[PDB]
Amino acid sequence: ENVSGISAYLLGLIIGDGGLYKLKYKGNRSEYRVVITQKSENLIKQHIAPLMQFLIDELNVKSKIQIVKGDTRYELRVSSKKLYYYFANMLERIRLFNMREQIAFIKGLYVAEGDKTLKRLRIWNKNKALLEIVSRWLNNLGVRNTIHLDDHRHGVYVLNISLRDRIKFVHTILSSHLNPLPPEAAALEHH
DNA sequence: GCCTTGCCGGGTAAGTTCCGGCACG
DNA sequence: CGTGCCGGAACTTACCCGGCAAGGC
Ligand SMILES: [Mg+2]
Ligand SMILES: [Mg+2]
């Protein structure tokens with residue numbers, strides 16, 4: 001289905017390049033944030049925001065999409081308790097994603113945390129359990145891969161997709177038309 | 001002789017949570 | 001008064017990038 005695919009894609013971006021934040025203020029006021037950050041303003045406004053707006057309308061979320069310009073990056077932000085729990089509940093059920101959602105998620109995670117040269121196929125993260133889930137998904141998809149500690153300074157692991165399966169990964173996962181195409185995959189397909 | 005990939009250091013593109021507003025039952 | 005949406009941005013590092021070289025065929 002369309003909504004679940006777009007959801008899983010966004011979650012990959014969120015978990016990779018953003019986050020889910022439950023805030024308490026003096027008040028005792030509060031706030032619930034769904035966030036994706038990115039240096040490219042275009043990527044946020046043109047690729048990401050329209051997907052998020054679609055999801056917001058489909059879920060009848062009344063919150064608006066904020067785009068905040070930071071010193072080093074743009075922030076796409078939705079301030080919404082409803083949208084926050086929607087992604088947070090999805091995240092704790094992540095092991096139950098069907099094939100379609102898995103691929104959408106892996107696309108999203110790769111856009112966020114991946115080696116964008118596509119010369120090497122790598123995903124970095126400190127969350128080892130998250131990479132190990134993605135690893136099992138990939139193996140099941142016929143894409144071989146390994147996980148090692150890539151940065152001993154900060155505790156950042158890397159998931160390395162074997163170049164032996166580069167074509168399978170790029171064409172059947174990054175380029176699947178069952179959910180939104182990541183930027184470079186879309187560009188390759190249109191040449 | 002060349003592809004693959006573990007491992008590394010460089011430094012910036014990310015992430016995280018604080019601030020002061022306002023709305024609404 | 002209790003709580004949730006706006007809009008901004010200060011502050012630290014978790015990523016990405018790209019080089020090196022061991023290993024393997
Ligand atoms: Mg990340
Ligand atoms: Mg990124």
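Chain letters run A, B, ... following the sequence lines, proteins first and then strands; every chain starts at 1.
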Return the 5'-most residue of the pair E31(A), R166(A) with respect to DNA chain B, ranking by each residue's nearest nucleotide. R166(A)
Check if the side chain of [X] and the base of [N] share a donor-acceptor pair of N or O atoms closer than 3.5 Å.
X: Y32(A); N: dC5(C); answer: no
X: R73(A); N: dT16(B); answer: yes
X: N125(A); N: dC15(C); answer: no
X: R153(A); N: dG10(B); answer: yes
X: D151(A); N: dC15(C); answer: yes
X: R164(A); N: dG24(C); answer: no
X: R120(A); N: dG19(C); answer: yes
X: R122(A); N: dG6(B); answer: no
X: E113(A); N: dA14(C); answer: no

To the side chain of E75(A), which of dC16(C), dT16(B), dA13(B) is closest? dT16(B)
Is the shortest side-chain N to carboxylate O distance from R144(A) to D165(A) below 4.0 Å? yes
Looking at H154(A), I'd like to know whether one of its side-chain N or O atoms comes within less than 4.0 Å of OP1 or OP2 on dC15(C). no
OP1 or OP2 of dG4(C) less than 4.0 angstrom from a side-chain nitrogen or oxygen of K62(A), does that happen here? no
Between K24(A) and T72(A), which residue's closest nucleotide on DNA chain C lies nearer the 5′ terminus? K24(A)
Position toward the 5' end of DNA chain C (nearest nucleotide), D71(A) or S80(A): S80(A)
NA contact type, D17(A), heavy-atom cut-off 4.0 Å: base, sugar-phosphate, or nothing? sugar-phosphate
Considering every strand and a 4.0 Å limit on heavy-atom distances, what is the contact class for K26(A): base, sugar-phosphate, or nothing? sugar-phosphate
Check against salt bridge (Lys or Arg N to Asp or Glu O under 4.0 Å), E75(A) and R73(A): CA-CA 7 Å; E75(A) 178 190 346; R73(A) 52 131 194 64; 3.6 Å; yes
Decide side-chain contact (heavy atoms from CB on, under 4.5 Å) for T172(A) and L141(A); before the verdict, give the C-alpha distance in whole Å, the side-chain angles of both, and the deciding distance to 0.1 Å. CA-CA 9 Å; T172(A) 208; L141(A) 279 161; 5.6 Å; no
Would you say the ring centers of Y32(A) and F87(A) fall short of 6.0 Å from each other? no
